[PDB]
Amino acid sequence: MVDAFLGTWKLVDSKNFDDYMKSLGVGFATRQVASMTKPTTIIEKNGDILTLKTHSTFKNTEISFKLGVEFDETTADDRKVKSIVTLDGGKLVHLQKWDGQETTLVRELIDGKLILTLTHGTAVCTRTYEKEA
């Protein structure tokens, strides 16, 4: 399936990202900057290997992974986590685990937009991405 996620996406809406970052322990100065950053997400495939790049003026990240295979990940906020990405009900589900905690990053296509839902603790953030030509 994964093919419909592929491409370049830009952030157009964000709800409750501050709650989500607060929940992760992200300091206030970083949250400041993050609240005003509009990342670009690039999803590419080479065979069974996906690469997910997130680019912004603030921080950049890149991960490559095979679906269903665990990998080490250092997140934007400097967490060292164990991650797995799978396709579930047509959604791309990214689970990060560290120190007994979990957060999920779920990507779904709705109406041609990429909706990223981030959950940690009680905090739920929805970020909407639109496809760039």
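Counting begins at 1, following the sequence as shown.
Set 45-53 against 24-32 and average the Cα temperature factors; 24-32 ends up higher. Averaged over CA atoms, B-factors in the entry run higher in 106-114 than in the other of 106-114 and 10-18. For the set 89, 68, 100, 39, the PDB entry assigns the largest Cα B-factor to 100. Among all modelled residues in its chain, residue 72 ranks in the middle third by Cα B-factor.
Sort the modelled residues of the chain by CA B factor and residue 80 lands in the highest third.
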